[PDB]
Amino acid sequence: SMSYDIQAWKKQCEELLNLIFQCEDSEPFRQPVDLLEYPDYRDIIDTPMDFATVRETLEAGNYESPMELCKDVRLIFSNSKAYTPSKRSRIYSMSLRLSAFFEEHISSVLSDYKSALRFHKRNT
């Protein structure tokens, strides 16, 4: 049950996504870039990602671990850095702040999960 629960990350990620949706800094990243509206986005970005898509992937059970979820979130930020590379851009600054917030909060989720894995493997 509760110590080393290998499923506890799911609720922890739901809670973190809730915080992220509350942040004004997430506003550009909540929904997919409108590919019909914004022409050259696909010329630049191979794999779009956004927080609504991550939140639905989680709700759907399609992440095997919090590291898979983290990979998709990191793609949100790497896509922004590629599309909006200037340190002068306020959008760049938003992405930087929100990335730092995410990386701060996800740290403990991943470490806790990996510790759970190691314990269960050791005692299996």
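Don't overthink the numbering: it's just position in the shown sequence, from 1. Just so we're on the same page, rigid core means the largest C-alpha set that superposes within 1.5 Å between forms.
- Superposition on the core shows that, in 8 other deposited structures of this protein, the C-alpha atoms drift more in one of 82-90 and 25-33; this is 82-90.
- Of the two stretches examined, 36-44 and 54-62, the one with higher mean CA deviation in 8 other deposited structures of this protein after a rigid core fit is 36-44.
- Looking at 90-98 and 36-44 together, the entry lists the larger mean B-factor for 36-44, computed on C-alpha atoms.
- Annotation for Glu103: C-alpha temperature factor in the lowest third relative to the rest of the modelled chain, per the entry.
- Ranked by C-alpha B-factor against the other modelled residues of its chain, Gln12 falls in the lowest third.
- Sort the modelled residues of the chain by CA B factor and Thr53 lands in the lowest third.
- Ranked by C-alpha B-factor against the other modelled residues of its chain, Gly61 falls in the middle third.
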